[PDB]
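start09.pdb, holding PDB, C-alpha atoms and all ligand atoms:
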ATOM      1  CA  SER A   1     105.790 114.851  81.033  1.00  0.00           C
ATOM      2  CA  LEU A   2     103.339 117.760  80.800  1.00  0.00           C
ATOM      3  CA  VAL A   3     101.483 115.714  78.167  1.00  0.00           C
ATOM      4  CA  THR A   4     101.978 112.024  78.907  1.00  0.00           C
ATOM      5  CA  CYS A   5     101.680 110.462  82.357  1.00  0.00           C
ATOM      6  CA  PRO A   6     103.594 107.174  83.109  1.00  0.00           C
ATOM      7  CA  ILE A   7     100.750 105.800  85.232  1.00  0.00           C
ATOM      8  CA  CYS A   8      98.297 106.692  82.510  1.00  0.00           C
ATOM      9  CA  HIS A   9     100.270 106.907  79.271  1.00  0.00           C
ATOM     10  CA  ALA A  10      97.812 109.113  77.419  1.00  0.00           C
ATOM     11  CA  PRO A  11      97.240 112.785  76.428  1.00  0.00           C
ATOM     12  CA  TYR A  12      95.154 115.158  78.539  1.00  0.00           C
ATOM     13  CA  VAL A  13      93.770 118.682  78.518  1.00  0.00           C
ATOM     14  CA  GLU A  14      95.488 121.167  80.812  1.00  0.00           C
ATOM     15  CA  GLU A  15      93.160 120.828  83.796  1.00  0.00           C
ATOM     16  CA  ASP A  16      92.533 119.061  87.098  1.00  0.00           C
ATOM     17  CA  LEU A  17      95.012 119.200  89.972  1.00  0.00           C
ATOM     18  CA  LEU A  18      98.637 118.676  89.026  1.00  0.00           C
ATOM     19  CA  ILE A  19     101.438 117.183  91.113  1.00  0.00           C
ATOM     20  CA  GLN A  20     105.053 116.520  90.101  1.00  0.00           C
ATOM     21  CA  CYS A  21     107.699 114.302  91.648  1.00  0.00           C
ATOM     22  CA  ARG A  22     110.738 116.426  92.465  1.00  0.00           C
ATOM     23  CA  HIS A  23     113.066 113.423  92.369  1.00  0.00           C
ATOM     24  CA  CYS A  24     112.205 112.731  88.731  1.00  0.00           C
ATOM     25  CA  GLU A  25     110.854 116.174  87.821  1.00  0.00           C
ATOM     26  CA  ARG A  26     107.812 114.522  86.225  1.00  0.00           C
ATOM     27  CA  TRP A  27     104.302 115.972  85.916  1.00  0.00           C
ATOM     28  CA  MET A  28     101.329 113.686  86.541  1.00  0.00           C
ATOM     29  CA  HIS A  29      97.653 113.754  87.534  1.00  0.00           C
ATOM     30  CA  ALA A  30      96.851 113.998  91.221  1.00  0.00           C
ATOM     31  CA  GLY A  31      94.103 111.393  90.835  1.00  0.00           C
ATOM     32  CA  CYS A  32      96.438 108.777  89.361  1.00  0.00           C
ATOM     33  CA  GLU A  33      98.814 109.495  92.270  1.00  0.00           C
ATOM     34  CA  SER A  34      96.148 108.723  94.902  1.00  0.00           C
ATOM     35  CA  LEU A  35      95.571 112.453  95.460  1.00  0.00           C
ATOM     36  CA  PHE A  36      91.856 113.277  95.631  1.00  0.00           C
ATOM     37  CA  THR A  37      91.878 116.640  97.409  1.00  0.00           C
ATOM     38  CA  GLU A  38      93.813 119.856  96.931  1.00  0.00           C
ATOM     39  CA  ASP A  39      94.478 119.941 100.671  1.00  0.00           C
ATOM     40  CA  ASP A  40      95.989 116.444 100.717  1.00  0.00           C
ATOM     41  CA  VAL A  41      98.412 117.320  97.921  1.00  0.00           C
ATOM     42  CA  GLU A  42      99.250 120.540  99.738  1.00  0.00           C
ATOM     43  CA  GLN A  43     100.501 118.626 102.775  1.00  0.00           C
ATOM     44  CA  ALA A  44     101.978 115.866 100.605  1.00  0.00           C
ATOM     45  CA  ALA A  45     103.873 118.434  98.548  1.00  0.00           C
ATOM     46  CA  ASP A  46     105.085 120.095 101.713  1.00  0.00           C
ATOM     47  CA  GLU A  47     106.494 116.800 102.984  1.00  0.00           C
ATOM     48  CA  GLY A  48     107.725 115.928  99.483  1.00  0.00           C
ATOM     49  CA  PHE A  49     106.096 113.912  96.706  1.00  0.00           C
ATOM     50  CA  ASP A  50     107.290 110.576  95.367  1.00  0.00           C
ATOM     51  CA  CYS A  51     105.945 109.215  92.075  1.00  0.00           C
ATOM     52  CA  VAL A  52     105.000 105.577  91.581  1.00  0.00           C
ATOM     53  CA  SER A  53     108.556 104.942  90.333  1.00  0.00           C
ATOM     54  CA  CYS A  54     110.260 106.253  93.485  1.00  0.00           C
ATOM     55  CA  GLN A  55     108.369 103.962  95.852  1.00  0.00           C
ATOM     56  CA  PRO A  56     109.766 100.619  94.461  1.00  0.00           C
ATOM     57  CA  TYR A  57     113.248 101.989  93.654  1.00  0.00           C
ATOM     58  CA  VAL A  58     113.644 103.764  96.995  1.00  0.00           C
ATOM     59  CA  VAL A  59     112.548 100.723  98.953  1.00  0.00           C
ATOM     60  CA  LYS A  60     114.160  97.369  98.186  1.00  0.00           C
TER      61      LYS A  60
ATOM     62  CA  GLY B   1     113.490 123.762  96.307  1.00  0.00           C
ATOM     63  CA  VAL B   2     111.763 122.270  99.345  1.00  0.00           C
ATOM     64  CA  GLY B   3     109.283 119.409  99.051  1.00  0.00           C
ATOM     65  CA  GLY B   4     107.575 118.312  95.839  1.00  0.00           C
ATOM     66  CA  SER B   5     106.330 120.631  93.095  1.00  0.00           C
ATOM     67  CA  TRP B   6     102.604 120.748  92.395  1.00  0.00           C
ATOM     68  CA  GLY B   7     100.349 123.231  90.589  1.00  0.00           C
ATOM     69  CA  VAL B   8      96.621 123.964  90.538  1.00  0.00           C
ATOM     70  CA  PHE B   9      94.513 124.039  87.381  1.00  0.00           C
TER      71      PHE B   9
HETATM   72 ZN    ZN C   1      98.505 110.233  85.446  1.00  0.00          ZN
HETATM   73 ZN    ZN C   2     109.996 110.061  91.258  1.00  0.00          ZN
END
Re-express the file's structure as structure tokens.
Amino acid sequence: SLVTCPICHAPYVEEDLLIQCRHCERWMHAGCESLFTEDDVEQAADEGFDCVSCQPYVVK
Amino acid sequence: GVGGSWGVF
């Protein structure tokens, strides 16, 4: 993490909005996580944030 | 901590 995102396995320049799944402690781009606004991630973060991995594993 | 962890940049 902090350099490679699982959704988009590629390097990036420290920029754009950042959001990290607390369950996995993984950093990833807000855009690749469906986040398009700072406000939306604010509320999402407040209610907790689940990465793409958590959704399928959490729900069976 | 409470909720997810996100930063601005
Ligand atoms: Zn990403
Ligand atoms: Zn996760």
Using all atoms listed in the file, find each protein or nucleic acid residue lying at most 6 Å from ligand ZN 1 (chain C); present the set as a ChimeraX atom specification. /A:5,7-8,28-29,32
Quick one: apply the ChimeraX specification (/B :<10) & /A to the file and drop the selected residues here as number ranges by chain. A: 14-23, 25-30, 38, 41-51
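The gap separating atom ZN of ligand ZN 2 (chain C) from CA of residue 31 (chain A) is 16.0 Å, in Å to one decimal.
Taking CA of residue 12 (chain A) as the reference point, CA of residue 52 (chain A) is found at 18.9 Å.
CA of residue 24 (chain A) to CA of residue 9 (chain A) spans 16.3 Å [interatomic distance, one decimal].
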How big is the axis-aligned box around the listed atoms of chain B once 3 Å is added on each side, and where is its centre? Give both in Å to one decimal, as JSON.
{"center_x": 104.0, "center_y": 121.2, "center_z": 93.4, "size_x": 25.0, "size_y": 11.7, "size_z": 18.0}
Produce chain B of the given structure as output with N, CA, C and O atoms, as an mmCIF file, in the first residue's frame.
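Below is the file decode_28.cif, written as the result:
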data_model
loop_
_atom_site.group_PDB
_atom_site.id
_atom_site.type_symbol
_atom_site.label_atom_id
_atom_site.label_comp_id
_atom_site.auth_asym_id
_atom_site.auth_seq_id
_atom_site.Cartn_x
_atom_site.Cartn_y
_atom_site.Cartn_z
ATOM 1 N N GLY B 1 -9.281 2.877 16.687
ATOM 2 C CA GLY B 1 -9.862 4.099 16.060
ATOM 3 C C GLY B 1 -11.327 3.852 15.721
ATOM 4 O O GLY B 1 -11.824 2.732 15.848
ATOM 5 N N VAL B 2 -12.015 4.904 15.287
ATOM 6 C CA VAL B 2 -13.424 4.788 14.930
ATOM 7 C C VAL B 2 -13.627 5.102 13.453
ATOM 8 O O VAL B 2 -13.219 6.159 12.971
ATOM 9 N N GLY B 3 -14.259 4.178 12.739
ATOM 10 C CA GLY B 3 -14.509 4.366 11.315
ATOM 11 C C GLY B 3 -13.257 4.057 10.503
ATOM 12 O O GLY B 3 -12.268 3.555 11.038
ATOM 13 N N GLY B 4 -13.303 4.363 9.211
ATOM 14 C CA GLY B 4 -12.161 4.117 8.339
ATOM 15 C C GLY B 4 -11.122 5.219 8.496
ATOM 16 O O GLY B 4 -11.348 6.193 9.215
ATOM 17 N N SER B 5 -9.987 5.072 7.818
ATOM 18 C CA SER B 5 -8.935 6.080 7.899
ATOM 19 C C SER B 5 -8.653 6.643 6.516
ATOM 20 O O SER B 5 -8.195 5.926 5.635
ATOM 21 N N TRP B 6 -8.936 7.924 6.322
ATOM 22 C CA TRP B 6 -8.707 8.543 5.023
ATOM 23 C C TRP B 6 -7.967 9.870 5.192
ATOM 24 O O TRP B 6 -8.134 10.554 6.202
ATOM 25 N N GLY B 7 -7.157 10.234 4.201
ATOM 26 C CA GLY B 7 -6.409 11.485 4.262
ATOM 27 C C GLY B 7 -6.663 12.325 3.016
ATOM 28 O O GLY B 7 -7.132 11.815 1.997
ATOM 29 N N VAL B 8 -6.353 13.614 3.102
ATOM 30 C CA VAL B 8 -6.554 14.513 1.971
ATOM 31 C C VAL B 8 -5.211 14.953 1.402
ATOM 32 O O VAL B 8 -4.277 15.250 2.147
ATOM 33 N N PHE B 9 -5.116 14.983 0.077
ATOM 34 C CA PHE B 9 -3.876 15.379 -0.577
ATOM 35 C C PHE B 9 -4.111 15.646 -2.060
ATOM 36 O O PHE B 9 -3.246 16.246 -2.677
#
